[PDB]
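Engineer: Sharing a structure below in C-alpha cells format, with a few things to ask.
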Amino acid sequence: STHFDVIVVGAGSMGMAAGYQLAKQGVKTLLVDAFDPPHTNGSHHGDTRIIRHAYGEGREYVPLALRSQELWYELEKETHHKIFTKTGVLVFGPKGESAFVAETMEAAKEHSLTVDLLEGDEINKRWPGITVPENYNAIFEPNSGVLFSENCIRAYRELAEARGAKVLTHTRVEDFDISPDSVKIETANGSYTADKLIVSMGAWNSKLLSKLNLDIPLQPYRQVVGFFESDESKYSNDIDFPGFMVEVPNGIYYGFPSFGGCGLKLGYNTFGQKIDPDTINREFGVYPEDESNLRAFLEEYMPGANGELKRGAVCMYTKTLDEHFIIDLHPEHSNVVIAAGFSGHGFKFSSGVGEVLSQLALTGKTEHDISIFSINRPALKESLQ
Ligand SMILES: *Cc1cc2c(cc1C)nc1c(=O)[nH]c(=O)nc-1n2C[C@H](O)[C@H](O)[C@H](O)COP(=O)(O)OP(=O)(O)OC[C@H]1O[C@@H](n2cnc3c(N)ncnc32)[C@H](O)[C@@H]1O
Ligand SMILES: O=C([O-])c1ccc[nH]1
Ligand SMILES: [Cl-]
C-alpha cells in the first residue's frame with residue numbers, strides 16, 4: 001500500500017538529477033532502474049564527460065549549458081565525490097570546412113563567451129602534443145571542462161535518498177497504465193502508482209515508448225572510447241592539455257587529457273554500430289573499427305598519445321532524426337514527462353534537465369525555454385499507434 005508523488009523510470013543521467021531536484025523539495029519520489037546507477041549498461045559510464053558552453057550543435061543550447069554548469073558547481077560543494085575539473089575545451093578543424101567549428105565560434109560570439117581564437121602552428125605551439133595542418137583553425141573555451149559522470153549520478157543518488165527519495169534497483173519497468181489523475185508502472189517486483197511520471201530510460205526509450213502510445217524514431221548506437229598510454233609531459237591534465245571535440249575530413253572526434261596517468265581518452269563520434277540496447281556487445285575490440293578508428297586519429301593529430309591501449313568502454317547514443325533532444329510532456333498525458341533522444345551530447349545538460357523535468361512534473365511548465373525539444377515537432381517524424 002505505497003503510492004508516491006512522482007515516479008522516475010530510469011534513474012540515470014536525467015532521471016537521477018530529476019530525483020535529486022524533487023527530493024530537495026520534499027516531493028515523495030520513487031526512482032526505478034533496471035540496474036544499479038551508476039552502472040556500465042547505459043549511456044553514462046566511461047568515467048568522464050565533456051561540458052562545453054559555446055554550443056556547436058546550436059546556440060539555443062547555451063542558456064541550459066550555463067545553468068547546468070552552475071548546478072555542477074553546486075553539486076561539487078554538496079558531495080565528497082569529485083564532480084568537475086576545468087580542463088577547458090579545444091575545438092578545431094579545417095578552416096572554412098567545418099560547420100561545427102563555425103557554429104561554435106558564432107555561439108561564443110553571440111553569447112559573449114570567453115574564448116581564444118588561434119590557428120595553424122599557434123595550436124601546435126600552445127599545446128605540445130597536438131599536430132594539425134597549417135590550414136586548421138581553432139577556438140578554445142577555457143572555462144568549460146570535464147565532468148565525472150559516474151560521480152555525478154552517484155552523488156545525486158546519495159543526496160536524493162538522504163532526503164527521502166526511494167530507489168528500486170535491478171527492477172525493469174515493463175508497462176505503463178496512465179489515467180488522467182494518476183500514473184502506474186508494472187515491474188516483476190510489483191506495480192507502483194503516483195500522481196506524476198517521468199520517463200528517462202535512455203537507449204531503452206526506443207523500445208518502451210511504444211507502451212505509452214508514442215511512435216517516435218529513436219536509434220541506439222554503439223559508441224566506444226579508448227584510453228591510451230601517453231606522453232604525460234604533454235597530455236596530462238596537470239600540464240593543461242585540454243578536453244577536445246574536433247572535426248576532420250572523416251568526421252568528429254572527442255577526447256580528454258590524461259588524469260592521474262589514466263592515459264588520454266579518445267572517441268569517434270561520427271560513426272557507430274546501430275544496435276539494440278538488449279543485445280549490444282559491450283566488449284571493446286570485438287569490431288576492428290573500435291581500436292583502428294581511434295589510432296588513425298592519434299597517429300595524425302596526437303602522435304605522443306598513441307601508445308598501448310590501457311582501457312576501453314562501450315556506451316550508447318540514442319539519436320533523433322534532427323539530433324536535438326526530447327524534453328516535453330506526453331501529448332495525451334500532462335501528468336507524464338518524457339526525456340529522450342539525447343543523441344550523444346546530453347550528459348553535460350543532465351543537471352539542468354533534472355531541474356526542467358522536476359518543474360514539468362510538478363507544474364506542467366518550466367522556467368527554461370525548451371521549445372526546440374518539443375515532442376510534437378515535425379523534424380522528429382513522430383506519431384502514435
Ligand atoms: C555513450 C557515450 C555518450 C556520451 C559520451 C561518450 C560516450 C561513449 N560523451 C559525452 C560527453 O562528453 N558530453 C555530453 O554532454 N554527453 C556525452 N555523451 C552522451 C550522454 O552520456 C548521454 O546523452 C546521457 O548519459 C543520456 O542520459 P539518459 O539518462 O538518457 O541515459 P542513461 O544515463 O543511460 O539512463 C537511462 C537509465 O534508465 C534505465 N532503464 C532502461 N530501461 C529501463 C526499464 N525498462 N525500467 C527501468 N529503468 C530502465 C537504465 O538502467 C539507465 O540507468
Ligand atoms: O557532447 C559532447 O561533448 C560529446 C562528446 C562525445 C559525445 N558527446
Ligand atoms: Cl545519448
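As shown in the C-alpha cells, the chain order sets the letters A, B, ...; within each chain, residues go from 1, and ligands are also counted from 1 in the order they appear.
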Quick one: residues within 9 Å of range 51-58 of chain A, only C-alpha atoms counted, chain neighbours fewer than 3 positions away excluded, as a count of residues only?

Structural biologist: 35

Engineer: Can you list, as a compact mmCIF listing (two decimals) with C-alpha atoms, in the first residue's frame, every protein, DNA or RNA residue that comes within 9 Å of range 75-79 of chain A when you count only C-alpha atoms, leaving out same-chain residues fewer than 4 positions away?

Structural biologist:
```
# COMPACT_ATOMS: atom_id res chain seq x y z
CA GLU A 70 26.32 26.45 -12.23
CA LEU A 71 24.43 23.36 -10.99
CA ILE A 83 32.46 16.41 -9.96
CA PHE A 84 34.24 18.83 -12.27
CA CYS A 152 27.57 12.95 -10.66
CA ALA A 155 26.25 12.00 -5.72
CA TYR A 156 22.76 12.90 -6.89
CA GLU A 158 23.12 9.69 -2.28
CA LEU A 159 21.76 13.20 -1.78
```

Engineer: So which one's closest to residue 218 in chain A, A:185, A:7, A:326, A:370? Using only C-alpha atoms, please.

Structural biologist: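 Of A:185, A:7, A:326, A:370, the one nearest residue 218 in chain A, counting only C-alpha atoms, is A:326.
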
Engineer: May I ask for the distance between CA of residue 375 in chain A and CA of residue 60 in chain A, given in Å to one decimal place?

Structural biologist: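 For CA of residue 375 in chain A relative to CA of residue 60 in chain A, the distance reads 16.7 Å.
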
Engineer: Output as JSON lines one row per residue of chain A within 8 Å of ligand 3: the closest atom pair and its distance in Å to one decimal place, counting only C-alpha atoms and all ligand atoms, sorted by chain and residue number ascending.

Structural biologist:
```
{"residue": "A:43", "atom": "CA", "partner": "ligand 3", "partner_atom_place_in_ligand_line": "1 (Cl)", "distance": 6.3}
{"residue": "A:202", "atom": "CA", "partner": "ligand 3", "partner_atom_place_in_ligand_line": "1 (Cl)", "distance": 6.8}
{"residue": "A:203", "atom": "CA", "partner": "ligand 3", "partner_atom_place_in_ligand_line": "1 (Cl)", "distance": 7.2}
{"residue": "A:316", "atom": "CA", "partner": "ligand 3", "partner_atom_place_in_ligand_line": "1 (Cl)", "distance": 6.4}
{"residue": "A:317", "atom": "CA", "partner": "ligand 3", "partner_atom_place_in_ligand_line": "1 (Cl)", "distance": 3.7}
{"residue": "A:318", "atom": "CA", "partner": "ligand 3", "partner_atom_place_in_ligand_line": "1 (Cl)", "distance": 4.5}
{"residue": "A:319", "atom": "CA", "partner": "ligand 3", "partner_atom_place_in_ligand_line": "1 (Cl)", "distance": 6.7}
{"residue": "A:341", "atom": "CA", "partner": "ligand 3", "partner_atom_place_in_ligand_line": "1 (Cl)", "distance": 6.1}
{"residue": "A:342", "atom": "CA", "partner": "ligand 3", "partner_atom_place_in_ligand_line": "1 (Cl)", "distance": 4.2}
{"residue": "A:343", "atom": "CA", "partner": "ligand 3", "partner_atom_place_in_ligand_line": "1 (Cl)", "distance": 4.3}
{"residue": "A:344", "atom": "CA", "partner": "ligand 3", "partner_atom_place_in_ligand_line": "1 (Cl)", "distance": 3.7}
{"residue": "A:345", "atom": "CA", "partner": "ligand 3", "partner_atom_place_in_ligand_line": "1 (Cl)", "distance": 6.1}
{"residue": "A:346", "atom": "CA", "partner": "ligand 3", "partner_atom_place_in_ligand_line": "1 (Cl)", "distance": 6.1}
{"residue": "A:347", "atom": "CA", "partner": "ligand 3", "partner_atom_place_in_ligand_line": "1 (Cl)", "distance": 7.8}
```

Engineer: How would the residues just picked look written out with C-alpha atoms as an mmCIF file, in the first residue's frame?

Structural biologist:
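What follows is the written file selection.cif:
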```
data_model
loop_
_atom_site.group_PDB
_atom_site.id
_atom_site.type_symbol
_atom_site.label_atom_id
_atom_site.label_comp_id
_atom_site.auth_asym_id
_atom_site.auth_seq_id
_atom_site.Cartn_x
_atom_site.Cartn_y
_atom_site.Cartn_z
ATOM 1 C CA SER A 43 24.922 5.794 -21.550
ATOM 2 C CA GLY A 202 17.888 6.303 -22.313
ATOM 3 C CA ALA A 203 18.596 3.836 -25.122
ATOM 4 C CA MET A 316 25.252 4.023 -26.320
ATOM 5 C CA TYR A 317 23.914 7.147 -28.046
ATOM 6 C CA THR A 318 20.164 7.417 -28.717
ATOM 7 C CA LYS A 319 19.571 9.642 -31.736
ATOM 8 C CA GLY A 341 16.925 11.075 -27.658
ATOM 9 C CA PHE A 342 19.892 12.940 -26.215
ATOM 10 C CA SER A 343 21.734 11.946 -29.401
ATOM 11 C CA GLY A 344 25.155 11.512 -27.834
ATOM 12 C CA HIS A 345 25.544 15.011 -26.334
ATOM 13 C CA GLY A 346 23.241 15.273 -23.346
ATOM 14 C CA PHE A 347 25.221 14.489 -20.188
#
```

Engineer: Run DSSP on the backbone and grab whatever in range 26-260 of chain A lands in alpha helix (DSSP H); send it over as a compact mmCIF listing (two decimals) with N, CA and C atoms, in the first residue's frame.

Structural biologist:
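Output (states13.txt):
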```
# COMPACT_ATOMS: atom_id res chain seq x y z
N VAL A 62 22.93 27.11 -25.30
CA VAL A 62 23.76 27.87 -24.38
C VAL A 62 23.18 28.15 -22.99
N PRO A 63 21.98 28.74 -22.91
CA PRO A 63 21.39 29.02 -21.59
C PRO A 63 21.33 27.79 -20.67
N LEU A 64 20.94 26.65 -21.23
CA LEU A 64 20.83 25.41 -20.46
C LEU A 64 22.21 24.89 -20.05
N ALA A 65 23.20 25.11 -20.92
CA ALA A 65 24.56 24.67 -20.63
C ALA A 65 25.10 25.50 -19.47
N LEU A 66 24.84 26.81 -19.51
CA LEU A 66 25.31 27.70 -18.46
C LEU A 66 24.64 27.39 -17.12
N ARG A 67 23.33 27.14 -17.13
CA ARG A 67 22.64 26.81 -15.89
C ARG A 67 23.18 25.48 -15.38
N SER A 68 23.41 24.55 -16.31
CA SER A 68 23.92 23.24 -15.94
C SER A 68 25.29 23.39 -15.29
N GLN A 69 26.12 24.27 -15.84
CA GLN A 69 27.46 24.48 -15.28
C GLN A 69 27.35 24.97 -13.83
N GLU A 70 26.49 25.95 -13.59
CA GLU A 70 26.32 26.45 -12.23
C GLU A 70 25.86 25.33 -11.30
N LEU A 71 24.94 24.48 -11.78
CA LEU A 71 24.43 23.36 -10.99
C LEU A 71 25.53 22.34 -10.71
N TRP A 72 26.47 22.18 -11.64
CA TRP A 72 27.57 21.24 -11.41
C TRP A 72 28.47 21.80 -10.32
N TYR A 73 28.65 23.12 -10.30
CA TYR A 73 29.48 23.75 -9.27
C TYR A 73 28.80 23.57 -7.91
N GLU A 74 27.47 23.66 -7.89
CA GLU A 74 26.74 23.47 -6.64
C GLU A 74 26.91 22.04 -6.13
N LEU A 75 26.82 21.07 -7.04
CA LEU A 75 26.96 19.67 -6.66
C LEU A 75 28.34 19.38 -6.07
N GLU A 76 29.37 19.98 -6.66
CA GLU A 76 30.74 19.83 -6.20
C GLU A 76 30.83 20.17 -4.71
N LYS A 77 30.19 21.26 -4.31
CA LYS A 77 30.20 21.70 -2.92
C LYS A 77 29.33 20.86 -1.99
N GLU A 78 28.41 20.09 -2.56
CA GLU A 78 27.50 19.29 -1.77
C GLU A 78 27.92 17.85 -1.49
N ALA A 99 31.26 23.05 -40.14
CA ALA A 99 30.07 23.71 -39.63
C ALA A 99 30.12 23.73 -38.10
N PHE A 100 30.70 22.67 -37.53
CA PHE A 100 30.81 22.55 -36.08
C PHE A 100 31.68 23.68 -35.54
N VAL A 101 32.88 23.81 -36.09
CA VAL A 101 33.80 24.85 -35.66
C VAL A 101 33.15 26.22 -35.85
N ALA A 102 32.53 26.43 -37.01
CA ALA A 102 31.88 27.70 -37.31
C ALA A 102 30.75 28.05 -36.34
N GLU A 103 29.84 27.11 -36.08
CA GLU A 103 28.73 27.37 -35.16
C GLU A 103 29.22 27.57 -33.73
N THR A 104 30.31 26.90 -33.37
CA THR A 104 30.87 27.03 -32.03
C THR A 104 31.34 28.47 -31.86
N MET A 105 32.06 28.97 -32.87
CA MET A 105 32.56 30.33 -32.85
C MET A 105 31.41 31.33 -32.77
N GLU A 106 30.40 31.12 -33.61
CA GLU A 106 29.25 32.02 -33.61
C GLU A 106 28.51 32.01 -32.29
N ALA A 107 28.36 30.83 -31.69
CA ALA A 107 27.68 30.72 -30.41
C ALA A 107 28.46 31.52 -29.37
N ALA A 108 29.79 31.40 -29.42
CA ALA A 108 30.65 32.11 -28.48
C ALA A 108 30.47 33.61 -28.63
N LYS A 109 30.44 34.07 -29.87
CA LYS A 109 30.27 35.49 -30.16
C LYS A 109 28.92 36.01 -29.69
N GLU A 110 27.86 35.30 -30.07
CA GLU A 110 26.51 35.70 -29.71
C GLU A 110 26.20 35.71 -28.22
N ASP A 121 50.01 26.76 -36.79
CA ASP A 121 51.08 26.49 -35.85
C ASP A 121 50.86 27.02 -34.43
N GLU A 122 49.98 27.99 -34.27
CA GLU A 122 49.71 28.54 -32.94
C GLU A 122 49.14 27.43 -32.06
N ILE A 123 48.35 26.55 -32.67
CA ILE A 123 47.75 25.44 -31.95
C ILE A 123 48.83 24.48 -31.46
N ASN A 124 49.73 24.12 -32.37
CA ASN A 124 50.82 23.21 -32.06
C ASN A 124 51.74 23.80 -31.00
N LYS A 125 51.97 25.11 -31.08
CA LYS A 125 52.84 25.79 -30.13
C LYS A 125 52.26 25.86 -28.73
N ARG A 126 50.99 26.22 -28.63
CA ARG A 126 50.36 26.32 -27.32
C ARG A 126 50.22 24.96 -26.64
N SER A 149 30.98 11.91 -14.75
CA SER A 149 29.61 11.44 -14.88
C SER A 149 29.12 10.38 -13.90
N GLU A 150 29.95 9.39 -13.60
CA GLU A 150 29.53 8.36 -12.67
C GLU A 150 29.44 8.95 -11.27
N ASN A 151 30.35 9.86 -10.94
CA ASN A 151 30.33 10.52 -9.63
C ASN A 151 29.09 11.42 -9.53
N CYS A 152 28.74 12.07 -10.64
CA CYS A 152 27.57 12.95 -10.66
C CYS A 152 26.31 12.18 -10.29
N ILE A 153 26.09 11.05 -10.96
CA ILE A 153 24.91 10.24 -10.69
C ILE A 153 24.94 9.66 -9.28
N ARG A 154 26.10 9.19 -8.85
CA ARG A 154 26.24 8.62 -7.50
C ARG A 154 25.97 9.70 -6.44
N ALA A 155 26.47 10.90 -6.67
CA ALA A 155 26.25 12.00 -5.72
C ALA A 155 24.77 12.37 -5.67
N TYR A 156 24.17 12.55 -6.84
CA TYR A 156 22.76 12.90 -6.89
C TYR A 156 21.92 11.84 -6.18
N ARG A 157 22.27 10.58 -6.38
CA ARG A 157 21.54 9.49 -5.74
C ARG A 157 21.67 9.51 -4.22
N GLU A 158 22.89 9.66 -3.72
CA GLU A 158 23.12 9.69 -2.28
C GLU A 158 22.40 10.87 -1.64
N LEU A 159 22.43 12.02 -2.31
CA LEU A 159 21.76 13.20 -1.78
C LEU A 159 20.25 13.03 -1.79
N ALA A 160 19.73 12.47 -2.88
CA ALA A 160 18.30 12.25 -3.03
C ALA A 160 17.78 11.27 -1.99
N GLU A 161 18.44 10.12 -1.85
CA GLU A 161 18.00 9.13 -0.87
C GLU A 161 18.05 9.69 0.54
N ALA A 162 19.09 10.47 0.84
CA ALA A 162 19.22 11.04 2.17
C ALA A 162 18.03 11.93 2.48
N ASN A 205 14.35 3.91 -24.50
CA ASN A 205 13.17 4.69 -24.85
C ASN A 205 12.73 4.26 -26.25
N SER A 206 13.70 3.82 -27.06
CA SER A 206 13.41 3.39 -28.43
C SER A 206 12.67 2.06 -28.49
N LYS A 207 12.40 1.46 -27.33
CA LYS A 207 11.69 0.19 -27.28
C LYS A 207 10.46 0.23 -26.38
N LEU A 208 10.50 1.06 -25.34
CA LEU A 208 9.39 1.14 -24.40
C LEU A 208 8.45 2.33 -24.53
N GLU A 232 52.93 11.75 -20.74
CA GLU A 232 52.39 12.57 -19.67
C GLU A 232 52.91 14.00 -19.62
N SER A 233 54.11 14.23 -20.15
CA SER A 233 54.67 15.57 -20.14
C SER A 233 53.93 16.45 -21.14
N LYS A 234 53.08 15.83 -21.96
CA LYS A 234 52.32 16.57 -22.95
C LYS A 234 50.80 16.44 -22.84
N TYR A 235 50.31 15.25 -22.49
CA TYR A 235 48.87 15.03 -22.44
C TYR A 235 48.18 14.99 -21.09
```

Engineer: Check the smallest atom-to-atom distance from each of A:245, A:165, A:31, A:178 to residue 213 in chain A using only C-alpha atoms, then report the winner.

Structural biologist: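 Looking at the shortest contact to residue 213 in chain A, the residue is A:178.
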
Engineer: Counting only C-alpha atoms, which residue out of A:3, A:44, A:86, A:59 sits closest to residue 372 in chain A?

Structural biologist: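 For residue 372 in chain A, the nearest of the candidates is A:59.
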
Engineer: Any idea what's packed within 10 Å of residue 189 in chain A, counting only C-alpha atoms, ignoring anything in its chain fewer than 4 positions away? Could you give it as a PyMOL selection string?

Structural biologist: chain A and resi 168+170-173

Engineer: Take the selection from the previous step and output its residues with N, CA, C and O atoms, as a compact mmCIF listing (two decimals), in the first residue's frame.

Structural biologist:
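out-v3.txt, freshly written:
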```txt
# COMPACT_ATOMS: atom_id res chain seq x y z
N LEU A 168 14.57 1.90 -6.38
CA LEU A 168 14.33 0.47 -6.56
C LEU A 168 15.24 0.04 -7.71
O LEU A 168 15.02 0.40 -8.86
N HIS A 170 17.65 -2.87 -10.01
CA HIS A 170 17.50 -4.15 -10.68
C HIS A 170 16.03 -4.49 -10.89
O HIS A 170 15.62 -5.64 -10.76
N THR A 171 15.26 -3.47 -11.23
CA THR A 171 13.83 -3.63 -11.47
C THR A 171 13.46 -2.99 -12.80
O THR A 171 13.41 -1.76 -12.92
N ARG A 172 13.19 -3.81 -13.80
CA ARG A 172 12.83 -3.30 -15.11
C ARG A 172 11.33 -3.04 -15.25
O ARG A 172 10.51 -3.92 -14.99
N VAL A 173 10.98 -1.82 -15.63
CA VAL A 173 9.58 -1.48 -15.82
C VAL A 173 9.19 -2.10 -17.15
O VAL A 173 9.90 -1.95 -18.14
```
